[PDB]
There are 4 protein chains.
Amino acid sequence: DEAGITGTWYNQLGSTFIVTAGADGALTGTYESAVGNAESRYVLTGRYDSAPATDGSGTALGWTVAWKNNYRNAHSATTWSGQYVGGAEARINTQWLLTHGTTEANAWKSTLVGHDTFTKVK
Amino acid sequence: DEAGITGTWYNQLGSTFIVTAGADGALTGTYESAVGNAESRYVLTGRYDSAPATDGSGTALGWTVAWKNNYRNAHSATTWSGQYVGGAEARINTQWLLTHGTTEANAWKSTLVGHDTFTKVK
Amino acid sequence: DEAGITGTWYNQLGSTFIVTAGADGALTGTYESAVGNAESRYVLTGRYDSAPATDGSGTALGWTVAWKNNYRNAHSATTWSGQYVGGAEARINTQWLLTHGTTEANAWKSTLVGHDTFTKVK
Amino acid sequence: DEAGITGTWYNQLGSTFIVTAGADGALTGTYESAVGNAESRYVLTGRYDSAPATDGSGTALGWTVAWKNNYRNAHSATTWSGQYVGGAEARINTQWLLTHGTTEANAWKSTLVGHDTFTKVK
Ligand SMILES: [Cl-]
Ligand SMILES: [Cl-]
Ligand SMILES: [Cl-]
Ligand SMILES: [Cl-]
Ligand SMILES: [Cl-]
Ligand SMILES: [Cl-]
Ligand SMILES: [Cl-]
Ligand SMILES: [Cl-]
Ligand SMILES: [Cl-]
Ligand SMILES: [Cl-]
Ligand SMILES: [Cl-]
Ligand SMILES: [Cl-]
Ligand SMILES: [Cl-]
Ligand SMILES: [Cl-]
Ligand SMILES: [Cl-]
Ligand SMILES: [Cl-]
Ligand SMILES: [Rh+]
Ligand SMILES: [Rh+]
Ligand SMILES: [Rh+]
Ligand SMILES: [Rh+]
């Protein structure tokens, strides 16, 4: 799945996800969000199962983006957890956690949860 | 917070989290889970806000572990999203998503959610 | 939105969600899951904002199902949290938490997280 | 566990959770949050497994609060999903989803995720 994961992905929000999969299980690339306190590209890093089950199952993976680059700092970090599914319509189905740096008093409202679906098209 | 994040962390389950923070916002190290289908150390990678807010707020961060090493493969990947809080009792408060590689029929039950608290002690 | 919420809903899994909305904000009805350790109808209860914002926003709501009826007991309970969106294609977009009764040793893996979208059609 | 669940609970934020458990699996009561856009008591409803496993496991449960009462309307709703654990130090361990009514453009940032622990004391 190293070949299938590597490339440019887009989600339902119009965000752009460019990633290279290493043979070891490494994930490296850049993320560009279409929404939120974000501008241009952001460094991402993550991991994936380099030897997934051969019974029609998807490939587990995850990656992190800290929302600080040369243009902005949203003092937050998102992690995507999900699986890559190959085939004619390859997808990456994820759920995500967005944690914002806060004081201890505001910790209870520091984390957003959501889900993205990434496709190779559009 | 580069100095404060770098080092060995332990959670409420007795898991061991060893990480090096780069000046750029990079996170690299190894994870050892005390529970689940896991044995010995696993490669982790992640990101953190290298220039957090200076108003008593915590530092946002996240990291990924794919549960495959030389000993086992749980065909799953966990991402931790949360914040680092410094001070006399430094903590890393996280919430996590554990996605298991599954078929499309079993996708609905592929992801576990939970929370860990990491301390420098014990 | 009392009229719009009341009725039969279906999700992406083919589950059936029948609910009555009270003028007070009450939600009552039955749930039938197409997947998992579940059979026939299950009692649901929940709440919704009976006076939502009039600026094109959705109506916040939530409901609980304990997976015990006269046929089975999965020793688990799901809560859906999300919003109702009206219009020609009325939807209920949710995220859910499925907690399974476990021992303290297995608490870390007791909770599933996911998302459902409910429509009036199909 | 009907007797054990029924009563007044408090969480780590100092919120107050008063609930009556029905023999059928029903949960009814009021919630008072110590934080957020909330004031005084709010109606809650939920479900619990009335016949849990007798192997030292906890009792699965869930409840919903829509944050509208006679004093305020935060146009949001929280659902708690978790388990009740009996014994000398009875607890209710939960994870929660807080959905805010939003426009379709802001849907991605509509839901907060967190966790509360409820005890009978303090
Ligand atoms: Cl925006
Ligand atoms: Cl802008
Ligand atoms: Cl295998
Ligand atoms: Cl940087
Ligand atoms: Cl185990
Ligand atoms: Cl073992
Ligand atoms: Cl700042
Ligand atoms: Cl490897
Ligand atoms: Cl099934
Ligand atoms: Cl069956
Ligand atoms: Cl309003
Ligand atoms: Cl019953
Ligand atoms: Cl507040
Ligand atoms: Cl106030
Ligand atoms: Cl049983
Ligand atoms: Cl009301
Ligand atoms: Rh969706
Ligand atoms: Rh906890
Ligand atoms: Rh989806
Ligand atoms: Rh906690």
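Side-chain atoms are counted along with the backbone in the values below, which use heavy atoms only and exclude waters and symmetry mates. Throughout, protein chains are lettered first and strands after them, A, B, ... in sequence-line order, and every chain is numbered starting at 1.
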Exercise for the section: Taking the side chain as every heavy atom from C-beta outward, state whether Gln83(D) and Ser110(C) have any pair of such atoms under 4.5 Å apart. Expected result: yes
Problem - Side chain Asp49(C), main chain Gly101(D), donor-acceptor under 3.5 Å - result: no
Exercise for the section: Below 4.5 Å from any heavy atom of chain C, which atoms of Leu27(D) appear? Answer side chain, backbone, both or neither. Expected result: neither
Practice task
Any chance you could lay out the side chain to side chain contact (heavy atoms under 4.5 Å, CB included) test for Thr99(D) and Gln95(C), step after step, and finish with the verdict?
Solution key: CA-CA 9 Å; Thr99(D) 305; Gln95(C) 306 221 74; over 6 Å; no
Completion exercise
Looking only at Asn73(D), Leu61(D), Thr94(D), most heavy-atom pairs under 4.5 Å shared with chain C are made by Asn73(D)
Problem - Residue, of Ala60(D), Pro52(D), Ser50(D), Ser57(D), that accumulates the most heavy atom pairs under 4.5 Å with chain C - result: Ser57(D)
Exercise for the section: Examine whether an atom of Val43(D) lies under 4.5 Å from a heavy atom of chain C, and if so say whether it belongs to the side chain, the backbone or both; otherwise answer neither. Expected result: both
Fill in the blank from the handout: Bottom line for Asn106(D): the part with an atom under 4.5 Å from chain C's heavy atoms is neither
Exercise for the section: Measure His75(D) against the heavy atoms of chain C and call it side chain, backbone, both or neither at under 4.5 Å. Expected result: both
Problem - Straight-line distance of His115(D) NE2 to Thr111(C) OG1, nearest 0.5 Å - result: 12.0 Å
Handout entry: Which portion of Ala74(D) sits near chain C, non-hydrogen atoms under 4.5 angstrom
Key = neither
Handout entry: Flag side-chain contact, heavy atom, 4.5 Å: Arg47(D) against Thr45(C)
Key = yes
Problem - Structural part of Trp80(D) lying under 4.5 Å from a heavy atom of chain C - result: backbone
